[PDB]
C-alpha cells in the first residue's frame, strides 16, 4: 500500500513518528504486510477546505484490491479518520480521504513489477 498525508500544517507541528504510527495503522486497517507499506508526508503545503485555510489534511490511500468498494472503504475511512483526527488534532470536517485501487502490473520494484515477484 501507499499512504500519502498532505497538510497545511508545518512540519514542526506534525507529531514526531507520525509516519511510523501511520505505517502501522495502515497495515492493520487494510490488512496488508507492514513492511510493504509506504508512507509519505507533505507538510506545509497550502490547503483550502470548505473555503477555509485553517489546518486540514488529505489522505491518499492506494492499494491492491482492498479499496475498490464503498463497502470496505467505509470501514477503512472510519479507522483512518479515528487515527488522523486523534494524531493531528483536527476535526472530521478538516480531513478528506481518497482511495485509489491499484494492480501489481503498475507497481515497480527491484527493476521489474509486482506481477513478476
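Numbering follows the first chain given and starts at 1.
For the two regions 48 to 56 and 69 to 77, the entry's Cα B-factors average higher over 69 to 77.
Once the C-alpha B-factors are averaged per stretch, 107 to 115 and 1 to 9 rank with 107 to 115 first. Ranked by C-alpha B-factor against the other modelled residues of its chain, residue 82 falls in the middle third. Remark: residue 39 belongs to the lowest third of its chain, ranked by C-alpha B-factor as recorded. Per-chain ranking of the deposited C-alpha B factor places residue 92 in the highest third.
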